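entry.cif follows; it contains mmCIF, N, CA and C atoms.
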data_model
#
loop_
_atom_site.label_atom_id
_atom_site.label_comp_id
_atom_site.auth_asym_id
_atom_site.auth_seq_id
_atom_site.Cartn_x
_atom_site.Cartn_y
_atom_site.Cartn_z
N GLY A 1 26.31 -2.68 -36.21
CA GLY A 1 26.23 -3.02 -34.80
C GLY A 1 27.49 -2.67 -34.04
N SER A 2 27.34 -2.33 -32.77
CA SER A 2 28.48 -1.97 -31.93
C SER A 2 28.26 -2.40 -30.49
N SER A 3 29.32 -2.87 -29.84
CA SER A 3 29.24 -3.32 -28.46
C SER A 3 29.57 -2.18 -27.50
N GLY A 4 29.17 -2.34 -26.24
CA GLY A 4 29.44 -1.32 -25.24
C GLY A 4 29.65 -1.90 -23.86
N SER A 5 30.20 -1.10 -22.96
CA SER A 5 30.46 -1.54 -21.59
C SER A 5 29.95 -0.52 -20.58
N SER A 6 28.94 -0.91 -19.81
CA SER A 6 28.36 -0.03 -18.81
C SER A 6 27.74 -0.83 -17.66
N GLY A 7 27.92 -0.34 -16.44
CA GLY A 7 27.38 -1.03 -15.28
C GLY A 7 28.28 -0.90 -14.06
N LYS A 8 27.68 -0.99 -12.88
CA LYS A 8 28.43 -0.88 -11.63
C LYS A 8 27.79 -1.73 -10.54
N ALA A 9 28.62 -2.34 -9.70
CA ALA A 9 28.13 -3.17 -8.61
C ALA A 9 28.14 -2.41 -7.29
N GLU A 10 27.60 -3.03 -6.25
CA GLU A 10 27.54 -2.40 -4.93
C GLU A 10 28.05 -3.36 -3.85
N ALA A 11 28.09 -2.87 -2.62
CA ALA A 11 28.55 -3.68 -1.49
C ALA A 11 27.72 -3.42 -0.25
N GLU A 12 27.36 -4.48 0.46
CA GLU A 12 26.56 -4.36 1.67
C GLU A 12 27.32 -4.91 2.88
N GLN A 13 28.07 -4.05 3.54
CA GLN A 13 28.85 -4.45 4.71
C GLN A 13 28.82 -3.36 5.78
N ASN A 14 28.11 -3.63 6.88
CA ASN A 14 28.00 -2.68 7.97
C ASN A 14 29.30 -2.62 8.77
N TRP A 15 30.14 -1.64 8.45
CA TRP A 15 31.42 -1.47 9.14
C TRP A 15 31.45 -0.16 9.91
N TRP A 16 30.36 0.59 9.84
CA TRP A 16 30.26 1.87 10.53
C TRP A 16 29.74 1.68 11.95
N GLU A 17 29.74 2.77 12.72
CA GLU A 17 29.26 2.72 14.10
C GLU A 17 27.74 2.73 14.16
N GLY A 18 27.11 1.96 13.28
CA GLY A 18 25.66 1.90 13.24
C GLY A 18 25.04 2.03 14.62
N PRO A 19 23.88 2.69 14.68
CA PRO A 19 23.16 2.91 15.94
C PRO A 19 22.57 1.62 16.50
N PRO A 20 22.08 1.68 17.75
CA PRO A 20 21.49 0.52 18.42
C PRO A 20 20.15 0.12 17.82
N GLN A 21 19.44 -0.78 18.49
CA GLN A 21 18.15 -1.25 18.01
C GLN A 21 17.37 -0.11 17.35
N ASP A 22 16.83 -0.38 16.17
CA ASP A 22 16.07 0.61 15.43
C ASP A 22 14.62 0.65 15.91
N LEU A 23 14.35 1.47 16.91
CA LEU A 23 13.01 1.60 17.46
C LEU A 23 11.98 1.82 16.35
N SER A 24 12.46 2.25 15.19
CA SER A 24 11.59 2.50 14.05
C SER A 24 10.84 1.23 13.65
N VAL A 25 11.50 0.09 13.83
CA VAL A 25 10.90 -1.20 13.48
C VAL A 25 9.55 -1.37 14.16
N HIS A 26 9.34 -0.64 15.25
CA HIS A 26 8.08 -0.71 15.99
C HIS A 26 6.97 0.01 15.25
N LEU A 27 5.72 -0.32 15.58
CA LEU A 27 4.57 0.30 14.94
C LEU A 27 4.18 1.59 15.65
N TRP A 28 4.41 1.63 16.96
CA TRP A 28 4.09 2.81 17.75
C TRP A 28 5.22 3.83 17.70
N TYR A 29 6.09 3.69 16.70
CA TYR A 29 7.22 4.60 16.54
C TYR A 29 7.06 5.46 15.30
N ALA A 30 6.52 6.66 15.48
CA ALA A 30 6.32 7.59 14.37
C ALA A 30 7.40 8.66 14.34
N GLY A 31 8.62 8.27 14.70
CA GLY A 31 9.72 9.21 14.70
C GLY A 31 9.29 10.61 15.10
N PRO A 32 10.02 11.62 14.60
CA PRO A 32 9.72 13.03 14.89
C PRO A 32 8.43 13.50 14.23
N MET A 33 7.32 13.33 14.93
CA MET A 33 6.02 13.73 14.41
C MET A 33 5.45 14.90 15.22
N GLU A 34 4.83 15.85 14.53
CA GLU A 34 4.25 17.01 15.19
C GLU A 34 2.91 16.66 15.83
N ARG A 35 2.59 17.34 16.92
CA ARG A 35 1.34 17.10 17.63
C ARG A 35 0.18 16.91 16.65
N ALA A 36 -0.09 17.94 15.86
CA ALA A 36 -1.16 17.89 14.88
C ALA A 36 -1.30 16.50 14.28
N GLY A 37 -0.22 16.01 13.67
CA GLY A 37 -0.24 14.69 13.07
C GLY A 37 -0.86 13.65 13.97
N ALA A 38 -0.24 13.43 15.13
CA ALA A 38 -0.74 12.45 16.09
C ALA A 38 -2.21 12.70 16.41
N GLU A 39 -2.60 13.97 16.42
CA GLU A 39 -3.98 14.34 16.72
C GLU A 39 -4.89 14.04 15.53
N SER A 40 -4.32 14.06 14.33
CA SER A 40 -5.08 13.79 13.12
C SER A 40 -4.98 12.32 12.73
N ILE A 41 -3.99 11.63 13.27
CA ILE A 41 -3.79 10.22 12.99
C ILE A 41 -4.71 9.35 13.83
N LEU A 42 -4.66 9.53 15.14
CA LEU A 42 -5.49 8.77 16.06
C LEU A 42 -6.92 9.31 16.08
N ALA A 43 -7.10 10.49 15.51
CA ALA A 43 -8.42 11.12 15.46
C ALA A 43 -9.47 10.15 14.91
N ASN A 44 -9.14 9.50 13.80
CA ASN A 44 -10.05 8.55 13.17
C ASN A 44 -9.88 7.16 13.77
N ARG A 45 -8.65 6.84 14.19
CA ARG A 45 -8.36 5.55 14.79
C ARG A 45 -9.39 5.19 15.85
N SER A 46 -9.25 4.00 16.43
CA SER A 46 -10.17 3.53 17.46
C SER A 46 -9.59 3.76 18.85
N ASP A 47 -10.43 4.24 19.76
CA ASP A 47 -10.00 4.50 21.13
C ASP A 47 -9.01 3.43 21.60
N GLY A 48 -7.86 3.88 22.11
CA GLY A 48 -6.85 2.96 22.59
C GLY A 48 -5.61 2.96 21.72
N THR A 49 -5.75 3.43 20.48
CA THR A 49 -4.63 3.48 19.55
C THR A 49 -3.56 4.45 20.04
N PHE A 50 -2.46 3.90 20.55
CA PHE A 50 -1.36 4.72 21.05
C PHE A 50 -0.29 4.90 19.98
N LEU A 51 0.47 5.98 20.09
CA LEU A 51 1.53 6.28 19.13
C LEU A 51 2.63 7.12 19.77
N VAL A 52 3.87 6.68 19.62
CA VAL A 52 5.01 7.39 20.18
C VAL A 52 5.71 8.24 19.12
N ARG A 53 5.91 9.51 19.43
CA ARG A 53 6.57 10.43 18.50
C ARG A 53 7.66 11.22 19.20
N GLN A 54 8.48 11.91 18.42
CA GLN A 54 9.57 12.71 18.97
C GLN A 54 9.28 14.20 18.82
N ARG A 55 10.19 15.03 19.33
CA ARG A 55 10.02 16.48 19.25
C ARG A 55 10.79 17.05 18.06
N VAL A 56 10.34 16.71 16.86
CA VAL A 56 10.98 17.19 15.64
C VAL A 56 12.48 17.33 15.83
N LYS A 57 13.10 16.30 16.40
CA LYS A 57 14.54 16.31 16.63
C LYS A 57 15.06 14.89 16.84
N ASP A 58 16.37 14.72 16.65
CA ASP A 58 16.99 13.41 16.82
C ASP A 58 17.00 13.00 18.29
N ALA A 59 16.56 11.77 18.55
CA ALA A 59 16.52 11.25 19.92
C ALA A 59 16.09 12.33 20.90
N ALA A 60 15.12 13.15 20.49
CA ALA A 60 14.61 14.22 21.34
C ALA A 60 13.65 13.68 22.39
N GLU A 61 13.08 14.58 23.18
CA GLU A 61 12.14 14.20 24.23
C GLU A 61 10.97 13.41 23.65
N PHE A 62 11.00 12.10 23.81
CA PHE A 62 9.94 11.23 23.30
C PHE A 62 8.61 11.55 23.97
N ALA A 63 7.52 11.24 23.29
CA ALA A 63 6.18 11.49 23.82
C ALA A 63 5.19 10.45 23.32
N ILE A 64 4.35 9.96 24.23
CA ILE A 64 3.35 8.96 23.89
C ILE A 64 1.96 9.58 23.78
N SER A 65 1.32 9.40 22.63
CA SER A 65 -0.01 9.94 22.40
C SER A 65 -0.96 8.85 21.91
N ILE A 66 -2.14 8.78 22.53
CA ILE A 66 -3.14 7.79 22.16
C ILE A 66 -4.53 8.40 22.12
N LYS A 67 -5.49 7.66 21.58
CA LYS A 67 -6.86 8.12 21.48
C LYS A 67 -7.65 7.76 22.73
N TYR A 68 -8.04 8.78 23.50
CA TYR A 68 -8.80 8.57 24.72
C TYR A 68 -9.82 9.69 24.93
N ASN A 69 -10.97 9.33 25.48
CA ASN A 69 -12.03 10.30 25.73
C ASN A 69 -12.33 11.12 24.48
N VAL A 70 -12.18 10.49 23.32
CA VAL A 70 -12.44 11.15 22.05
C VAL A 70 -11.46 12.31 21.83
N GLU A 71 -10.30 12.22 22.46
CA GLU A 71 -9.28 13.25 22.33
C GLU A 71 -7.88 12.64 22.32
N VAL A 72 -7.03 13.15 21.43
CA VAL A 72 -5.66 12.66 21.32
C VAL A 72 -4.78 13.22 22.43
N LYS A 73 -4.61 12.44 23.49
CA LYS A 73 -3.79 12.85 24.63
C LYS A 73 -2.32 12.58 24.36
N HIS A 74 -1.45 13.30 25.06
CA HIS A 74 -0.02 13.12 24.89
C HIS A 74 0.65 13.02 26.26
N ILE A 75 1.73 12.24 26.30
CA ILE A 75 2.48 12.04 27.53
C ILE A 75 3.98 12.24 27.30
N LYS A 76 4.61 12.99 28.20
CA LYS A 76 6.04 13.26 28.09
C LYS A 76 6.86 12.05 28.55
N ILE A 77 7.95 11.78 27.85
CA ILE A 77 8.82 10.66 28.18
C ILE A 77 10.17 11.14 28.69
N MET A 78 10.47 10.84 29.95
CA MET A 78 11.73 11.24 30.56
C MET A 78 12.77 10.12 30.44
N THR A 79 14.01 10.50 30.15
CA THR A 79 15.09 9.53 30.01
C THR A 79 16.16 9.75 31.06
N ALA A 80 16.57 8.67 31.72
CA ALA A 80 17.60 8.75 32.75
C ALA A 80 18.49 7.50 32.74
N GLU A 81 19.79 7.71 32.59
CA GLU A 81 20.74 6.60 32.56
C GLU A 81 20.49 5.70 31.35
N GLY A 82 19.90 6.28 30.31
CA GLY A 82 19.62 5.51 29.10
C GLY A 82 18.24 4.87 29.13
N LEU A 83 17.62 4.87 30.30
CA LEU A 83 16.29 4.28 30.46
C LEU A 83 15.21 5.27 30.05
N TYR A 84 14.06 4.74 29.65
CA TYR A 84 12.94 5.58 29.23
C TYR A 84 11.74 5.40 30.16
N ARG A 85 11.22 6.52 30.66
CA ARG A 85 10.08 6.49 31.57
C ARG A 85 9.41 7.86 31.64
N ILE A 86 8.09 7.87 31.52
CA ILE A 86 7.33 9.12 31.57
C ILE A 86 7.27 9.66 32.99
N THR A 87 7.47 8.78 33.97
CA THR A 87 7.43 9.17 35.37
C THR A 87 8.60 8.57 36.14
N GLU A 88 9.03 9.25 37.19
CA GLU A 88 10.15 8.78 38.01
C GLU A 88 9.70 7.67 38.95
N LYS A 89 8.95 6.71 38.42
CA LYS A 89 8.46 5.60 39.21
C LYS A 89 9.19 4.30 38.85
N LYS A 90 9.35 4.07 37.55
CA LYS A 90 10.04 2.87 37.07
C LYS A 90 10.60 3.09 35.67
N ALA A 91 11.88 2.80 35.51
CA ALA A 91 12.54 2.96 34.22
C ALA A 91 12.77 1.61 33.54
N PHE A 92 12.90 1.63 32.22
CA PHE A 92 13.12 0.41 31.45
C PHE A 92 14.25 0.59 30.45
N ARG A 93 14.77 -0.52 29.94
CA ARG A 93 15.85 -0.48 28.96
C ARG A 93 15.53 0.48 27.83
N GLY A 94 14.33 0.34 27.26
CA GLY A 94 13.92 1.21 26.17
C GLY A 94 12.42 1.29 26.03
N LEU A 95 11.96 2.06 25.05
CA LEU A 95 10.53 2.23 24.81
C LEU A 95 9.81 0.88 24.86
N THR A 96 10.17 -0.01 23.94
CA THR A 96 9.57 -1.33 23.87
C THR A 96 9.24 -1.86 25.27
N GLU A 97 10.19 -1.72 26.18
CA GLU A 97 10.00 -2.18 27.55
C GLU A 97 9.02 -1.27 28.30
N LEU A 98 9.35 0.01 28.36
CA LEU A 98 8.51 0.99 29.04
C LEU A 98 7.05 0.83 28.63
N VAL A 99 6.79 0.94 27.33
CA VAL A 99 5.44 0.81 26.80
C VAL A 99 4.83 -0.53 27.18
N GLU A 100 5.57 -1.61 26.95
CA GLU A 100 5.10 -2.95 27.27
C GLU A 100 4.61 -3.02 28.72
N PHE A 101 5.24 -2.25 29.59
CA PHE A 101 4.87 -2.22 31.00
C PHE A 101 3.52 -1.53 31.19
N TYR A 102 3.39 -0.33 30.64
CA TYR A 102 2.16 0.43 30.75
C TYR A 102 0.99 -0.32 30.11
N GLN A 103 1.31 -1.19 29.16
CA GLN A 103 0.29 -1.97 28.47
C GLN A 103 -0.56 -2.76 29.46
N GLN A 104 -0.08 -2.84 30.70
CA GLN A 104 -0.80 -3.57 31.74
C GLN A 104 -1.22 -2.63 32.87
N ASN A 105 -0.53 -1.50 32.99
CA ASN A 105 -0.83 -0.52 34.02
C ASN A 105 -1.22 0.82 33.41
N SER A 106 -2.33 1.38 33.88
CA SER A 106 -2.81 2.66 33.37
C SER A 106 -1.76 3.75 33.57
N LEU A 107 -1.82 4.78 32.73
CA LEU A 107 -0.88 5.90 32.81
C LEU A 107 -1.26 6.86 33.93
N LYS A 108 -2.46 6.67 34.48
CA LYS A 108 -2.94 7.52 35.56
C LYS A 108 -1.85 7.77 36.59
N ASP A 109 -1.00 6.77 36.79
CA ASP A 109 0.10 6.87 37.75
C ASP A 109 0.81 8.21 37.61
N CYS A 110 1.00 8.65 36.37
CA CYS A 110 1.67 9.92 36.10
C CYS A 110 0.66 11.04 35.89
N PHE A 111 -0.48 10.69 35.31
CA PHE A 111 -1.53 11.67 35.05
C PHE A 111 -2.90 11.13 35.47
N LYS A 112 -3.19 11.24 36.76
CA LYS A 112 -4.46 10.76 37.30
C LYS A 112 -5.61 11.08 36.34
N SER A 113 -5.49 12.19 35.62
CA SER A 113 -6.52 12.60 34.67
C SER A 113 -6.57 11.65 33.48
N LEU A 114 -5.39 11.24 33.01
CA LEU A 114 -5.30 10.33 31.87
C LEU A 114 -5.24 8.88 32.33
N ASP A 115 -6.40 8.25 32.45
CA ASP A 115 -6.48 6.86 32.88
C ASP A 115 -6.66 5.93 31.69
N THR A 116 -5.59 5.74 30.92
CA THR A 116 -5.63 4.88 29.75
C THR A 116 -4.47 3.88 29.76
N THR A 117 -4.40 3.05 28.72
CA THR A 117 -3.34 2.05 28.62
C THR A 117 -2.99 1.79 27.16
N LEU A 118 -1.71 1.51 26.91
CA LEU A 118 -1.24 1.23 25.55
C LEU A 118 -1.97 0.03 24.96
N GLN A 119 -2.96 0.30 24.12
CA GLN A 119 -3.73 -0.76 23.48
C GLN A 119 -3.04 -1.25 22.21
N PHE A 120 -3.08 -0.43 21.17
CA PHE A 120 -2.46 -0.77 19.90
C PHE A 120 -1.80 0.45 19.26
N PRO A 121 -0.75 0.20 18.46
CA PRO A 121 -0.02 1.27 17.78
C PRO A 121 -0.84 1.92 16.67
N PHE A 122 -0.40 3.10 16.23
CA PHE A 122 -1.10 3.83 15.18
C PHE A 122 -0.83 3.20 13.82
N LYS A 123 0.40 2.74 13.62
CA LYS A 123 0.78 2.11 12.36
C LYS A 123 0.07 0.78 12.17
N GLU A 124 -0.35 0.17 13.28
CA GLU A 124 -1.05 -1.10 13.24
C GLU A 124 -1.91 -1.21 11.98
N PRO A 125 -1.72 -2.30 11.22
CA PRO A 125 -2.47 -2.54 9.99
C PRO A 125 -3.94 -2.87 10.26
N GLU A 126 -4.81 -2.50 9.32
CA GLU A 126 -6.24 -2.75 9.46
C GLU A 126 -6.49 -4.08 10.16
N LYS A 127 -7.61 -4.17 10.86
CA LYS A 127 -7.97 -5.39 11.58
C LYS A 127 -9.34 -5.90 11.13
N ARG A 128 -9.40 -6.37 9.89
CA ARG A 128 -10.65 -6.89 9.34
C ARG A 128 -10.48 -8.34 8.90
N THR A 129 -10.66 -9.27 9.84
CA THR A 129 -10.52 -10.69 9.54
C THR A 129 -11.73 -11.47 10.05
N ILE A 130 -12.47 -12.08 9.13
CA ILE A 130 -13.64 -12.86 9.49
C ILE A 130 -13.42 -13.62 10.79
N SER A 131 -12.27 -14.28 10.90
CA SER A 131 -11.94 -15.05 12.09
C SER A 131 -10.55 -14.69 12.60
N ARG A 132 -10.42 -14.56 13.92
CA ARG A 132 -9.14 -14.22 14.53
C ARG A 132 -8.25 -15.46 14.66
N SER A 133 -6.96 -15.23 14.85
CA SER A 133 -6.00 -16.32 14.98
C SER A 133 -5.80 -16.69 16.45
N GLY A 134 -5.40 -17.94 16.69
CA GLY A 134 -5.18 -18.40 18.04
C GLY A 134 -4.79 -19.86 18.10
N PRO A 135 -3.57 -20.17 17.66
CA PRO A 135 -3.05 -21.54 17.66
C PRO A 135 -2.78 -22.07 19.06
N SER A 136 -3.68 -22.91 19.56
CA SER A 136 -3.55 -23.48 20.89
C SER A 136 -2.43 -24.53 20.92
N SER A 137 -1.68 -24.54 22.02
CA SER A 137 -0.58 -25.49 22.17
C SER A 137 -1.10 -26.90 22.39
N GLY A 138 -2.02 -27.05 23.34
CA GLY A 138 -2.59 -28.35 23.62
C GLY A 138 -1.61 -29.27 24.33
#
How would this structure read if it were set down as structure tokens?
Amino acid sequence: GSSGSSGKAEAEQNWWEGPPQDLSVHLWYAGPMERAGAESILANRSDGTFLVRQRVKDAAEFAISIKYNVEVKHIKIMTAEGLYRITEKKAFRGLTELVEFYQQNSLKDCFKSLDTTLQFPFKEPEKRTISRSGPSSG
């Protein structure tokens, strides 16, 4: 018999210039995804399934695509002063905000042709529950 010594430990300390809020944490955040994908992802999804993707680049021109009229539509996202907005009508701190806003107002504002609204993300997990949740405050 013979003894031996092997092994190494690690360290978890964020001391770098880590980036801001990780939009990735969101479900409607499919990072740098190609059109095809979004078109093949929401293709089967249910009408209303929205998904935000980038232009195969870091913090590139964001774009919102959802399932509407049986077709995967896409919307350009303009950024100004750090704010995100598809149209020069109203800007928000970030996607979460911008999207959250459209979730109540149709996108027609920017594309009269595209009269839809952010329903649910593409990453959204299956929705098969005998009974839905709804804890009333009372």
Padding 6 Å on each side, edges along x, y and z: where is the centre of the box around the listed atoms of range 61-80 of chain A, and how long are its edges in Å to one decimal? Output it as JSON.
{"center_x": 3.0, "center_y": 11.0, "center_z": 27.0, "size_x": 42.9, "size_y": 19.1, "size_z": 23.4}
List, as a PyMOL selection string, every residue that the PyMOL selection byres ((chain A and resi 117-130) around 8) selects in the file provided. chain A and resi 26-30+41-42+45+47-52+66+99-108+114-116+131-133
At what distance in Å, to one decimal, does CA of residue 60 in chain A lie from atom N of residue 13 in chain A?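 Between these atoms lies a distance of 28.8 Å.
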Extract, using all atoms listed in the file, all DNA, RNA and protein residues at most 8 Å from range 82-87 of chain A, discarding same-chain residues fewer than 3 positions from it, and format them as a list in words.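 The neighbour list is residues 64, 75, 76, 77, 78, 79, 90, 91, 92, 93, 94, 95, 97, 98, 99, 109 and 110 of chain A.
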From a DSSP pass on the backbone, collect the residues of range 17-134 of chain A flagged as helix (DSSP H, G or I) and hand them back as a PyMOL selection string. chain A and resi 23-25+35-41+95-102+107-109
Export, as a PDB file, keeping the file's coordinate frame, the selected residues with N, CA and C atoms.
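Contents of again_22.pdb, freshly written:
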ATOM      1  N   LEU A  23      14.350   1.470  16.910  1.00  0.00           N
ATOM      2  CA  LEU A  23      13.010   1.600  17.460  1.00  0.00           C
ATOM      3  C   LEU A  23      11.980   1.820  16.350  1.00  0.00           C
ATOM      4  N   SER A  24      12.460   2.250  15.190  1.00  0.00           N
ATOM      5  CA  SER A  24      11.590   2.500  14.050  1.00  0.00           C
ATOM      6  C   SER A  24      10.840   1.230  13.650  1.00  0.00           C
ATOM      7  N   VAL A  25      11.500   0.090  13.830  1.00  0.00           N
ATOM      8  CA  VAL A  25      10.900  -1.200  13.480  1.00  0.00           C
ATOM      9  C   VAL A  25       9.550  -1.370  14.160  1.00  0.00           C
ATOM     10  N   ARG A  35       2.590  17.340  16.920  1.00  0.00           N
ATOM     11  CA  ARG A  35       1.340  17.100  17.630  1.00  0.00           C
ATOM     12  C   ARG A  35       0.180  16.910  16.650  1.00  0.00           C
ATOM     13  N   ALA A  36      -0.090  17.940  15.860  1.00  0.00           N
ATOM     14  CA  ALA A  36      -1.160  17.890  14.880  1.00  0.00           C
ATOM     15  C   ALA A  36      -1.300  16.500  14.280  1.00  0.00           C
ATOM     16  N   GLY A  37      -0.220  16.010  13.670  1.00  0.00           N
ATOM     17  CA  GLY A  37      -0.240  14.690  13.070  1.00  0.00           C
ATOM     18  C   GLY A  37      -0.860  13.650  13.970  1.00  0.00           C
ATOM     19  N   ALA A  38      -0.240  13.430  15.130  1.00  0.00           N
ATOM     20  CA  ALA A  38      -0.740  12.450  16.090  1.00  0.00           C
ATOM     21  C   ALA A  38      -2.210  12.700  16.410  1.00  0.00           C
ATOM     22  N   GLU A  39      -2.600  13.970  16.420  1.00  0.00           N
ATOM     23  CA  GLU A  39      -3.980  14.340  16.720  1.00  0.00           C
ATOM     24  C   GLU A  39      -4.890  14.040  15.530  1.00  0.00           C
ATOM     25  N   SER A  40      -4.320  14.060  14.330  1.00  0.00           N
ATOM     26  CA  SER A  40      -5.080  13.790  13.120  1.00  0.00           C
ATOM     27  C   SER A  40      -4.980  12.320  12.730  1.00  0.00           C
ATOM     28  N   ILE A  41      -3.990  11.630  13.270  1.00  0.00           N
ATOM     29  CA  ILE A  41      -3.790  10.220  12.990  1.00  0.00           C
ATOM     30  C   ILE A  41      -4.710   9.350  13.830  1.00  0.00           C
ATOM     31  N   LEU A  95      11.960   2.060  25.050  1.00  0.00           N
ATOM     32  CA  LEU A  95      10.530   2.230  24.810  1.00  0.00           C
ATOM     33  C   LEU A  95       9.810   0.880  24.860  1.00  0.00           C
ATOM     34  N   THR A  96      10.170  -0.010  23.940  1.00  0.00           N
ATOM     35  CA  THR A  96       9.570  -1.330  23.870  1.00  0.00           C
ATOM     36  C   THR A  96       9.240  -1.860  25.270  1.00  0.00           C
ATOM     37  N   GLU A  97      10.190  -1.720  26.180  1.00  0.00           N
ATOM     38  CA  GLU A  97      10.000  -2.180  27.550  1.00  0.00           C
ATOM     39  C   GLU A  97       9.020  -1.270  28.300  1.00  0.00           C
ATOM     40  N   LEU A  98       9.350   0.010  28.360  1.00  0.00           N
ATOM     41  CA  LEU A  98       8.510   0.990  29.040  1.00  0.00           C
ATOM     42  C   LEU A  98       7.050   0.830  28.630  1.00  0.00           C
ATOM     43  N   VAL A  99       6.790   0.940  27.330  1.00  0.00           N
ATOM     44  CA  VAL A  99       5.440   0.810  26.800  1.00  0.00           C
ATOM     45  C   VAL A  99       4.830  -0.530  27.180  1.00  0.00           C
ATOM     46  N   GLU A 100       5.570  -1.610  26.950  1.00  0.00           N
ATOM     47  CA  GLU A 100       5.100  -2.950  27.270  1.00  0.00           C
ATOM     48  C   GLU A 100       4.610  -3.020  28.720  1.00  0.00           C
ATOM     49  N   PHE A 101       5.240  -2.250  29.590  1.00  0.00           N
ATOM     50  CA  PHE A 101       4.870  -2.220  31.000  1.00  0.00           C
ATOM     51  C   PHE A 101       3.520  -1.530  31.190  1.00  0.00           C
ATOM     52  N   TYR A 102       3.390  -0.330  30.640  1.00  0.00           N
ATOM     53  CA  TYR A 102       2.160   0.430  30.750  1.00  0.00           C
ATOM     54  C   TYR A 102       0.990  -0.320  30.110  1.00  0.00           C
ATOM     55  N   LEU A 107      -1.820   4.780  32.730  1.00  0.00           N
ATOM     56  CA  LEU A 107      -0.880   5.900  32.810  1.00  0.00           C
ATOM     57  C   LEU A 107      -1.260   6.860  33.930  1.00  0.00           C
ATOM     58  N   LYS A 108      -2.460   6.670  34.480  1.00  0.00           N
ATOM     59  CA  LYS A 108      -2.940   7.520  35.560  1.00  0.00           C
ATOM     60  C   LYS A 108      -1.850   7.770  36.590  1.00  0.00           C
ATOM     61  N   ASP A 109      -1.000   6.770  36.790  1.00  0.00           N
ATOM     62  CA  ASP A 109       0.100   6.870  37.750  1.00  0.00           C
ATOM     63  C   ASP A 109       0.810   8.210  37.610  1.00  0.00           C
TER      64      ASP A 109
END
Apply DSSP to the backbone of this structure and, from chain A, keep only the residues in strand (DSSP E or B); write these as a VMD selection string. chain A and resid 29 49 to 53 63 to 68 71 to 76 78 to 80 83 to 85 92 120 to 121
Exercise: residue 35 in chain A partners within 8 Å, all atoms listed in the file, chain neighbours under 6 positions left out, as a ChimeraX atom specification: /A:41,54-56
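With atom C of residue 61 in chain A on one side and atom N of residue 18 in chain A on the other, the separation reads 22.3 Å.
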Quick one: pull the distance between CA of residue 62 in chain A and CA of residue 39 in chain A, Å, one decimal.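 It comes out at 15.7 Å.
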